[PDB]
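Protein chains in written order, with PDB author numbering: chain P, 471 to 475; chain Q, 471 to 475; chain O, 471 to 475; chain J, 460 to 464; chain L, 460 to 464; chain D, 156 to 357, 362 to 448; chain F, 11 to 32, 82 to 357, 368 to 448; chain C, 303 to 357, 368 to 448. Beta carbons: idealized from backbone N, C-alpha and C, even for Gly.
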Amino acid sequence: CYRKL
Amino acid sequence: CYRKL
Amino acid sequence: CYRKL
Amino acid sequence: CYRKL
Amino acid sequence: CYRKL
Amino acid sequence: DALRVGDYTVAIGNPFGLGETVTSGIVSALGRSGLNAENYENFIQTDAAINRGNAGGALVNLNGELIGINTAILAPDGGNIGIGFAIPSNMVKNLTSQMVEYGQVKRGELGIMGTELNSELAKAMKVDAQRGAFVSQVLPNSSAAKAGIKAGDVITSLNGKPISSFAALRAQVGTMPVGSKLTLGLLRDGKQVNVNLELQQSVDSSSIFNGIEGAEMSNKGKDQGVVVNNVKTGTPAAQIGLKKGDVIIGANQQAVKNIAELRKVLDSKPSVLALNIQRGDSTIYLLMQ
Amino acid sequence: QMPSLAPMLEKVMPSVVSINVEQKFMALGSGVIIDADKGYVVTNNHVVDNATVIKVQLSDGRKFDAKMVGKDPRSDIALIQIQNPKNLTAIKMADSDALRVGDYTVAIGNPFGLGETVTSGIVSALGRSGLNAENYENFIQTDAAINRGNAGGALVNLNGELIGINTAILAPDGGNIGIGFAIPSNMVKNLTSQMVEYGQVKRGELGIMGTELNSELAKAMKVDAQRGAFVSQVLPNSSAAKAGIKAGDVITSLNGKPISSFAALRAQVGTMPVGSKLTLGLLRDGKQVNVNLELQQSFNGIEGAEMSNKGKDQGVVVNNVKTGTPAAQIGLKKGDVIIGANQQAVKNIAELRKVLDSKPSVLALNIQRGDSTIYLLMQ
Amino acid sequence: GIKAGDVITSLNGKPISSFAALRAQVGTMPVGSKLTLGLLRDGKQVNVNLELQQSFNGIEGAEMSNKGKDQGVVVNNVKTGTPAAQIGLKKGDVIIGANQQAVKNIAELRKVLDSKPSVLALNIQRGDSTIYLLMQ
Numbered sequence: 471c472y473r474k475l
Numbered sequence: 471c472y473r474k475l
Numbered sequence: 471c472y473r474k475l
Numbered sequence: 460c461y462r463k464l
Numbered sequence: 460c461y462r463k464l
Numbered sequence: 156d157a158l159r160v161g162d163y164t165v166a167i168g169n170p171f172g173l174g175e176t177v178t179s180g181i182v183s184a185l186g187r188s189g190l191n192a193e194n195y196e197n198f199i200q201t202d203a204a205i206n207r208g209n210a211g212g213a214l215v216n217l218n219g220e221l222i223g224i225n226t227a228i229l230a231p232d233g234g235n236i237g238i239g240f241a242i243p244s245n246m247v248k249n250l251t252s253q254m255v256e257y258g259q260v261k262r263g264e265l266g267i268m269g270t271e272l273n274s275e276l277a278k279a280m281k282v283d284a285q286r287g288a289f290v291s292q293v294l295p296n297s298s299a300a301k302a303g304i305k306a307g308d309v310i311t312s313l314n315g316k317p318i319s320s321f322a323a324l325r326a327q328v329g330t331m332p333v334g335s336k337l338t339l340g341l342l343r344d345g346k347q348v349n350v351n352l353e354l355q356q357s362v363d364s365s366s367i368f369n370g371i372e373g374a375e376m377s378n379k380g381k382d383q384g385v386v387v388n389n390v391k392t393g394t395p396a397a398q399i400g401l402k403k404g405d406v407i408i409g410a411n412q413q414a415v416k417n418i419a420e421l422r423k424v425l426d427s428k429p430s431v432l433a434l435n436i437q438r439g440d441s442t443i444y445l446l447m448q
Numbered sequence: 011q012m013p014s015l016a017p018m019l020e021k022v023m024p025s026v027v028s029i030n031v032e082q083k084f085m086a087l088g089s090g091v092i093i094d095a096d097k098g099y100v101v102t103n104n105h106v107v108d109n110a111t112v113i114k115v116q117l118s119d120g121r122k123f124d125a126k127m128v129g130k131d132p133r134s135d136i137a138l139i140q141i142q143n144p145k146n147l148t149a150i151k152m153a154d155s156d157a158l159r160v161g162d163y164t165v166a167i168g169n170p171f172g173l174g175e176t177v178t179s180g181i182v183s184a185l186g187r188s189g190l191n192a193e194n195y196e197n198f199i200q201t202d203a204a205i206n207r208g209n210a211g212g213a214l215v216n217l218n219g220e221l222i223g224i225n226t227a228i229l230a231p232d233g234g235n236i237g238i239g240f241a242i243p244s245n246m247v248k249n250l251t252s253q254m255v256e257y258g259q260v261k262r263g264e265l266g267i268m269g270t271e272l273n274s275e276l277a278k279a280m281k282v283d284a285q286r287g288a289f290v291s292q293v294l295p296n297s298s299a300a301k302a303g304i305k306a307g308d309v310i311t312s313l314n315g316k317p318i319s320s321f322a323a324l325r326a327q328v329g330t331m332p333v334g335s336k337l338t339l340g341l342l343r344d345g346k347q348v349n350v351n352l353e354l355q356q357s368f369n370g371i372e373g374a375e376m377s378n379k380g381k382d383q384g385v386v387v388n389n390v391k392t393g394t395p396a397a398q399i400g401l402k403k404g405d406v407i408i409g410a411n412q413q414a415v416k417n418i419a420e421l422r423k424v425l426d427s428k429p430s431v432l433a434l435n436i437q438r439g440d441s442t443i444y445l446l447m448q
Numbered sequence: 303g304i305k306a307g308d309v310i311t312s313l314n315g316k317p318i319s320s321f322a323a324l325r326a327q328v329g330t331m332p333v334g335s336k337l338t339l340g341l342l343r344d345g346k347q348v349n350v351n352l353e354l355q356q357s368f369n370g371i372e373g374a375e376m377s378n379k380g381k382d383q384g385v386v387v388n389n390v391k392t393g394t395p396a397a398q399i400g401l402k403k404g405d406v407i408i409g410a411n412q413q414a415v416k417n418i419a420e421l422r423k424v425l426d427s428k429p430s431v432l433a434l435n436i437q438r439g440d441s442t443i444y445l446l447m448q
């Protein structure tokens, strides 16, 4: 689970 | 029932 | 409501 | 819902 | 185990 | 009356019968009322922790002087969640002072009526303050009216001390002896007229009912009998057909011509008691228990 | 002689309020005044959203009326403006970054509607997050009592300076168990002031993708820190790429301040406005990389295609359309030249603007796909 | 002059199909419409004209009867079922002043109720002792 930021 | 005219 | 004093 | 203690 | 306010 | 919203409070009591536990907190807010609409509430709110059994416990400031008796909390699960409620010591000192000399409380009476002044009324009534006590009804021949209390005023001061709410001012006064003298600041048309005052008297009959309370009975004439001016229907004293305009002697061969003569023998606890009430010319009877 | 908070609270309670909102529900809550002249109150989005009417009640009794100004459900800050405001008191801001765990805190709100209630505590911790996965949160945690209706309240330090806004609590029973959270002032400052200038929160993002840095990754990749921000891929053509951040980087400091977790930094910069510059502290191959950046977005154009002029008065040219966009759905493709629209011969994008600014329910574009003459239809 | 036990057989000369027809056939005539029925009471056709009805300038379920010498409106005997009855109104009240503005007739009373005061905290000598009253 990778979240853009 | 009874309905008023 | 009504209040008495 | 107030409790007295 | 999940809450909010 | 010196406490402010910010002072530190230390609560004492016995929660869950563990023993004497101490808690620290601050005065959360002042003059809290309304969580039970009937009784006189001027509660000090504290975040000091308080749970079951803390009632009657002391709430004291950092010198250990009693500023309140803790009486209630607010707990949806029955455990302290940061809200404690305490009755101020000045209301407590007053009722401890009435229970010593009299044995009961001399219910004081002013002679006004009112309702909580919101921010709406002051807008149209062109009143300066938003929180106070709007004297709707000024009762006649009362000690209150004797001071020249105007109809349409708002009481905002009590001993030069501002007032949070009516139900607080209502509570602040109901805790006083029948012969005390206090000042009230007003606001009639723009003039803050402060007027001295005194309270005047007020014999309850629900203590003679003991579970069958239905209506209000007093004393008639030169003790011709009890009184039935009350006309209630559907009450605990209604299926037993106590209608208006009918008192007599009394029950179980007892001469009852006043409220006291009735109380002499009713409280001998008889198994069954049967009145003698007479309506018009008709002498009837009427039984209880 | 006993110390007390009543001197500090005397000056600060005017700046907190109680708010009421009204098939249709009726809401409690608390807000705090930011600007006395204009009557700006800030609160939590979850009390003032789905609001037909907004009724503010000050410390003294005076009810007022407020309208919405902005909203931001992603951080949960929303701003109202009091209508016809007279004699207001603005609370003074504080810089949250000066907070430390162990400091003392005061929580002012309107719990259960009872009235303006004050509760004391300490800074339980900082940088807390992970309770609402899809949310920006850099929460201050306080053991100061906080319950239903205290939301949008004030968390101020012992000097009455606003350090944060009370927001959410963890409580299985529905009553405070000693764990109360708050949004830091500095985030509220960034979110509110954005709603006044722009009306909405315009929060473009630099282009790092990545995930949390755990102590296990410290061993595997020879990284000196156990908590930080790990960079998977940088978006191409984004500021993150242009600045020279590479894959496999570790972010340790934001503007000289250390980072707690990737989820916090994801929130601190989620509230910053578009184009804000900043400096990150990186870690590549266990060596300190300091970078400088500038955030980026997520007439002379249209919904899907880019139109520029060509030649003298001939007409605008669609120079590229991205497939799947609205202007590619209407059929505009690469190279199309618009000479007329709705029987109106067009030259520049300015004669096209006034035609388009009529906002008609239909667009007949007299384009020139190659050598042929066609019409295209939109709306 | 319609009494019980009668039976309606016409409506402006038209025979009638049913009661639900007539119920509709006059639910559409505006208030004050004038019509003439056909009737049957004990074997006699009697023709009766009529006018519809609704279902001093009062306010919110009340009755504002003016008083003399431009002192203020007055009324006694307010019906017990109104929302203007649970306000605390009894039989026998006067008018003098309204929202710190003296009201001396119905025209001064509307010029108070025209500005929509949510407060409506107005009252006068009600009975024989001065008191204050509120509404809304």
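Assigned secondary structure, residue i (DSSP; H/G/I helix, E/B strand, else coil)
i	result
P395(C)	coil
residue 358(F)	What the structure lacks is residue 358(F): chain F is numbered 357, then 368, with the residues between left out.
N225(D)	strand
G258(D)	coil
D426(F)	helix
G269(F)	strand
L445(F)	strand
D440(F)	coil
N209(F)	coil
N435(C)	coil
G409(F)	strand
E420(F)	helix
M23(F)	helix
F198(F)	strand
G168(F)	strand
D156(F)	helix
Beta-carbon proximity of residue i to residue j, cut-off 7 Å
i	j	result
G345(F)	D283(F)	yes
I199(F)	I228(F)	no
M268(F)	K474(P)	yes
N245(F)	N225(F)	no
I310(F)	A288(F)	yes
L421(D)	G409(D)	yes
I399(C)	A306(D)	no
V348(D)	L341(D)	yes
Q356(D)	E256(D)	no
**Prompt:** Taking only runs of the alpha helix (DSSP H) that begin and end inside the stretch 271-321 of chain D, which ones reach a length of at least 4 residues, in chain order?
**Reply:** 276-279, 298-301
**Request:** Please determine if the stretch 157-169 of chain F and the stretch 209-216 of chain F are in contact, where contact requires at least 3 C-beta pairs separated by less than 8 Å.
**Result:** yes
**Item:** Contact residues within the stretch 182-204 of chain D, judged by C-beta distance below 8 Å to chain J
**Value:** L190, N191
**Prompt:** Going along the chain, which unbroken runs of the beta strand (DSSP E) with 3 or more residues stay wholly within the stretch 325-357 of chain D?
**Reply:** 336-340, 350-353
**Interface residues of the stretch 317-345 of chain D facing chain F [CB-CB below 8 Å]** = none
**Message:** Runs of 3 residues minimum, wholly inside the stretch 232-257 of chain F: which ones carry the beta strand (DSSP E) assignment?
**Reply:** 239-243
**Item:** Against chain O: residues of the stretch 295-314 of chain D by CB proximity under 7 Å
**Value:** none
**Prompt:** Is the stretch 145-164 of chain F close to the stretch 243-261 of chain F, with three or more CB pairs under 8 Å?
**Reply:** yes
**Message:** Quick check: the stretch 382-398 of chain C against the stretch 409-416 of chain C, are at least 3 beta-carbon pairs closer than 8 Å?
**Reply:** yes
**Asked** Residues in the stretch 225-243 of chain D with C-beta within 8 Å of chain J's C-beta atoms, listed in sequence order?
**Response** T226, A227, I228, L229, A230, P231, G233
**Segment contact, 8 Å Cβ cut-off, at least three pairs: the stretch 184-198 of chain D with the stretch 11-26 of chain F** = no
**Request:** Evaluate the contact criterion for the stretch 90-110 of chain F versus the stretch 140-151 of chain F: three or more CB pairs, one atom per stretch, below 8 Å.
**Result:** yes
**Asked** Closer than 8 Å, Cβ to any Cβ of chain O: which residues of the stretch 263-278 of chain D, in chain order?
**Response** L265, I267, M268, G269, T270, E271
**Request:** With 9 Å as the limit, tell me which residues of the stretch 116-128 of chain F have their beta carbon closer than that to any beta carbon of chain D; keep them in chain order.
**Result:** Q116, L117, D119, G120, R121, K122, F123
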